[PDB]
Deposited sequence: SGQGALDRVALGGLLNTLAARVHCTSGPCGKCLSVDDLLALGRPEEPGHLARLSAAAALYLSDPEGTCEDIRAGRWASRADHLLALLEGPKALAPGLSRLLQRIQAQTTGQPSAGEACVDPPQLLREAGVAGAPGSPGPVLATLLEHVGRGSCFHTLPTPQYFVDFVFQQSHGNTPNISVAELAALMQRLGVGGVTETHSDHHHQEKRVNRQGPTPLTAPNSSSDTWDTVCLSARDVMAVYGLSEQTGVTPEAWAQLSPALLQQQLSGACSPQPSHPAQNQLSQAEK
C-alpha cells in the first residue's frame, strides 16, 4: 500500500538527487535510508527529509559517510537548527545553494524567490517549508542562482589580507587604504585617523564589525578625491 507508494515516490526523489549531482556516491543512497529518517506522521518530518536531501545535494560524498555512520537524521536536524537561528536563514540558504550549484555542475531561481514561495502574506518562509520548496524545485529541474551574502563582503577582506593577527592591524588597514588610493569635505585621513573617528583602539585593531563601520569613510575618502 503506502509502503509501496512511498517507495516509488521516495525512490524517484532519490533518483533525481543522484542525477543532479551526477552520481547516477549514488549507490550509498537508498530508499530505506530515506525511510529511516522518520515516520511520515511526525510533525517536522517533511523538514527533516527536505534538509536531509539538501545536505545530500550539498555534500554527496560527505553525506554517504554520514549515512553509513547512521547519523543522517542528526546532521539533518543540525542544518534545520543552523537555519532556524535568529537572522540565519537567508544567508544560510545562500551558502547552501552555492554549494548545491557547485555540485549541480536563461532565468533561474534564487533564495529570495524560495523565501517568498514558501511562507505567507509577504513574510519569508521558515526553514522546513523553504527547504521543501527547494526540493520541489530540484524535482522540476530548475537551475539556481545565488548572490553573495552581506557577511561575505567583510569576510572576504579578512581572508585576502595577509596577517598573523585575527583582527586587521593599523598597518594592514593602511596597506588597504593605499590599494584604494587613500591614506570639512577636503581633509585626507590617515589609517590612524580613520580608527580615531570610530573610536577604535590601535592595540585592539579592526574587527569585522569595525571594518563594516569604517567602510563608509573609506568610500567617502575615495569619492572626495582628497587623497
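Positions of the deposited sequence absent from the coordinates, in order: 1, 26-28, 110-115, 194-226, 271-287.
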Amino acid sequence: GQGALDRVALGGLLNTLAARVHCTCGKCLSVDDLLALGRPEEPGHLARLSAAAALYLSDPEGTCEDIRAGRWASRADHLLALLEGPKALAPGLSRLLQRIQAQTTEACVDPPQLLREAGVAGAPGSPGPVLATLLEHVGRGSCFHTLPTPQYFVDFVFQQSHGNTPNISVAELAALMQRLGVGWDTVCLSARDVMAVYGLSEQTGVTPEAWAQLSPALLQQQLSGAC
From here on, numbers count along this sequence of modelled residues.
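Across the two stretches, 163-171 and 51-59, the PDB entry reports the greater mean Cα temperature factor for 163-171. The stretch with the higher mean CA B factor, choosing between 25-33 and 173-181, is 25-33. Among 77, 110, 155, 136, the highest C-alpha B-factor in the deposited entry belongs to 77. Looking only at 126, 104, 98, 151, the residue with the top Cα B factor in the deposited structure is 104.
Ranked by C-alpha B-factor against the other modelled residues of its chain, residue 195 falls in the middle third.
Sorting the modelled residues of the chain by their CA temperature factor places residue 85 in the highest third.
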